[PDB]
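S.K.: Can you read through this structure? Questions will come right after.
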Amino acid sequence: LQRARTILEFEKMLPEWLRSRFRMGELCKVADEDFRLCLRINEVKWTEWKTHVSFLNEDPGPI
Amino acid sequence: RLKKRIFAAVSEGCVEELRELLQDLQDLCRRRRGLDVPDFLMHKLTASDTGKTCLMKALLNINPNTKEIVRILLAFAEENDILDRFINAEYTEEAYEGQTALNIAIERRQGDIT
């Protein structure tokens, strides 16, 4: 909680041309004409075995 | 115009459009050169870049009527003697080289289609 207040004060003292270079997110296509700004996190799960119906890409992998 | 309708109908589980298209796909090869019957029809069902066929496309999108679709696709391949080379196709892309339709049926946890 101490270090998180530090990060959010270094970010305010940056010019606008340099905010754009250090920026998280990627424009994804999550629905019909719905483009959002998303953050990808990976996971490994060995306990629930189901078949997969909901997915944005048939062909997996990083690309 | 004929390849794109097959991949679209096989994803959404449309058995009514699949039959009449595959009969129309059959009728086009009778009024044809008639020289290469296998090597033409393998080009019609298979994407060129990724190497994916229509049998791989049906299994990636599991519907509540998938196993009736697969039986239509295999029974269609009986009357042209291409059942071996249609059921044993592979990706050519370097990120998926060697994956067949039997790797997709086991990964999707399908016991009866396997």
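How things are named: the first chain in the structure tokens is A, the next is B, and so on; residues count from 1 in each chain; ligands count from 1 in the order shown.
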Looking only at helix (DSSP H, G or I) from DSSP on the backbone, list the matching residues of stretch 19-59 of chain B as a list in words.
M.R.: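 The helix (DSSP H, G or I) residues within stretch 19-59 of chain B come out as residues 19, 20, 21, 22, 23, 24, 25, 26, 27, 28, 29, 30, 38, 39, 40, 41, 42, 43, 44, 54, 55, 56, 57, 58 and 59 of chain B.
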S.K.: Write a file of the just-selected residues containing N, CA and C atoms, as a compact mmCIF listing (two decimals), in the first residue's frame.
M.R.:
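Dumped to result-v7.txt:
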# COMPACT_ATOMS: atom_id res chain seq x y z
N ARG B 19 -26.65 -30.70 -46.84
CA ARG B 19 -26.97 -31.76 -47.79
C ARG B 19 -27.10 -31.21 -49.20
N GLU B 20 -27.88 -30.14 -49.36
CA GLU B 20 -28.16 -29.61 -50.69
C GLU B 20 -26.93 -28.94 -51.30
N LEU B 21 -26.03 -28.44 -50.46
CA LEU B 21 -24.78 -27.90 -50.99
C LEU B 21 -23.85 -29.02 -51.45
N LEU B 22 -23.78 -30.11 -50.70
CA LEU B 22 -22.86 -31.19 -51.05
C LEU B 22 -23.36 -31.96 -52.27
N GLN B 23 -24.68 -31.98 -52.48
CA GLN B 23 -25.21 -32.50 -53.73
C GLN B 23 -24.90 -31.57 -54.88
N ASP B 24 -24.97 -30.26 -54.63
CA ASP B 24 -24.60 -29.28 -55.65
C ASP B 24 -23.10 -29.27 -55.87
N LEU B 25 -22.33 -29.58 -54.83
CA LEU B 25 -20.89 -29.75 -54.97
C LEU B 25 -20.57 -31.02 -55.74
N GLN B 26 -21.45 -32.02 -55.65
CA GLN B 26 -21.25 -33.26 -56.40
C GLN B 26 -21.59 -33.08 -57.87
N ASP B 27 -22.65 -32.31 -58.16
CA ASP B 27 -23.14 -32.16 -59.53
C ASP B 27 -22.18 -31.34 -60.38
N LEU B 28 -21.37 -30.49 -59.75
CA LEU B 28 -20.44 -29.66 -60.50
C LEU B 28 -19.28 -30.49 -61.05
N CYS B 29 -18.94 -31.59 -60.38
CA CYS B 29 -17.81 -32.40 -60.82
C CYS B 29 -18.23 -33.42 -61.87
N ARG B 30 -19.53 -33.61 -62.06
CA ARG B 30 -19.97 -34.49 -63.14
C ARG B 30 -19.98 -33.75 -64.47
N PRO B 38 -10.22 -36.82 -57.45
CA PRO B 38 -9.76 -36.54 -56.07
C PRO B 38 -9.06 -35.20 -55.89
N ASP B 39 -8.12 -34.84 -56.77
CA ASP B 39 -7.25 -33.70 -56.50
C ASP B 39 -7.98 -32.37 -56.65
N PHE B 40 -9.15 -32.38 -57.30
CA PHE B 40 -9.98 -31.19 -57.35
C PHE B 40 -10.80 -31.04 -56.07
N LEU B 41 -11.38 -32.14 -55.60
CA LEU B 41 -12.29 -32.05 -54.46
C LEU B 41 -11.55 -31.88 -53.14
N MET B 42 -10.28 -32.26 -53.10
CA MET B 42 -9.50 -31.97 -51.90
C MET B 42 -9.16 -30.49 -51.83
N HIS B 43 -9.15 -29.81 -52.97
CA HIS B 43 -8.89 -28.37 -52.97
C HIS B 43 -10.13 -27.59 -52.57
N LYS B 44 -11.31 -28.18 -52.76
CA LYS B 44 -12.55 -27.45 -52.50
C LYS B 44 -12.88 -27.43 -51.01
N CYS B 54 -12.64 -29.24 -43.71
CA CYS B 54 -13.98 -29.03 -43.18
C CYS B 54 -14.25 -29.95 -42.00
N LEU B 55 -13.52 -31.06 -41.91
CA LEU B 55 -13.72 -31.97 -40.79
C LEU B 55 -13.09 -31.42 -39.52
N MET B 56 -11.98 -30.70 -39.67
CA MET B 56 -11.37 -30.04 -38.53
C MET B 56 -12.22 -28.87 -38.06
N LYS B 57 -12.88 -28.20 -39.00
CA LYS B 57 -13.67 -27.02 -38.68
C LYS B 57 -14.93 -27.39 -37.91
N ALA B 58 -15.47 -28.58 -38.16
CA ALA B 58 -16.70 -28.99 -37.50
C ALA B 58 -16.45 -29.35 -36.04
N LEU B 59 -15.24 -29.80 -35.73
CA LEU B 59 -14.94 -30.30 -34.40
C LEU B 59 -14.47 -29.20 -33.47
S.K.: With 8 Å as the limit and counting only C-alpha atoms, what residues in chain A lie close to chain B? Please list them as a list in words.
M.R.: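 Every residue of chain A that passes the 8 Å test is in residues 50, 51, 52, 53 and 58 of chain A.
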S.K.: Which neighbours of residue A:37 fall inside 10 Å, counting only C-alpha atoms, when residues of the same chain fewer than 3 positions from it are skipped, and could you give them as a PDB file with N, CA, C and O atoms, in the first residue's frame?
M.R.:
ATOM      1  N   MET A  24      -0.411   0.313 -21.012  1.00  0.00           N
ATOM      2  CA  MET A  24      -0.872  -1.060 -21.093  1.00  0.00           C
ATOM      3  C   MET A  24      -2.133  -1.144 -21.936  1.00  0.00           C
ATOM      4  O   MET A  24      -2.830  -0.152 -22.156  1.00  0.00           O
ATOM      5  N   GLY A  25      -2.424  -2.340 -22.402  1.00  0.00           N
ATOM      6  CA  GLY A  25      -3.676  -2.505 -23.099  1.00  0.00           C
ATOM      7  C   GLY A  25      -3.479  -2.824 -24.566  1.00  0.00           C
ATOM      8  O   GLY A  25      -2.445  -2.517 -25.168  1.00  0.00           O
ATOM      9  N   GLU A  26      -4.492  -3.452 -25.152  1.00  0.00           N
ATOM     10  CA  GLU A  26      -4.501  -3.775 -26.574  1.00  0.00           C
ATOM     11  C   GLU A  26      -5.947  -3.777 -27.050  1.00  0.00           C
ATOM     12  O   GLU A  26      -6.835  -4.263 -26.348  1.00  0.00           O
ATOM     13  N   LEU A  27      -6.196  -3.192 -28.216  1.00  0.00           N
ATOM     14  CA  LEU A  27      -7.550  -3.158 -28.743  1.00  0.00           C
ATOM     15  C   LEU A  27      -7.955  -4.531 -29.245  1.00  0.00           C
ATOM     16  O   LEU A  27      -7.405  -5.039 -30.223  1.00  0.00           O
ATOM     17  N   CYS A  28      -8.931  -5.125 -28.570  1.00  0.00           N
ATOM     18  CA  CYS A  28      -9.450  -6.430 -28.934  1.00  0.00           C
ATOM     19  C   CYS A  28     -10.824  -6.240 -29.545  1.00  0.00           C
ATOM     20  O   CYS A  28     -11.418  -5.168 -29.456  1.00  0.00           O
ATOM     21  N   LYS A  29     -11.325  -7.283 -30.180  1.00  0.00           N
ATOM     22  CA  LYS A  29     -12.669  -7.285 -30.745  1.00  0.00           C
ATOM     23  C   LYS A  29     -13.465  -8.343 -30.001  1.00  0.00           C
ATOM     24  O   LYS A  29     -13.354  -9.533 -30.293  1.00  0.00           O
ATOM     25  N   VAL A  30     -14.271  -7.909 -29.042  1.00  0.00           N
ATOM     26  CA  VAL A  30     -14.905  -8.817 -28.107  1.00  0.00           C
ATOM     27  C   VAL A  30     -16.350  -9.116 -28.502  1.00  0.00           C
ATOM     28  O   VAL A  30     -16.945 -10.061 -27.995  1.00  0.00           O
TER      29      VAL A  30
END
S.K.: Could you work out how far atom CA of residue B:93 lies from atom CA of residue B:51, giving the answer in Å with one decimal?
M.R.: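 So the answer is 7.3 Å.
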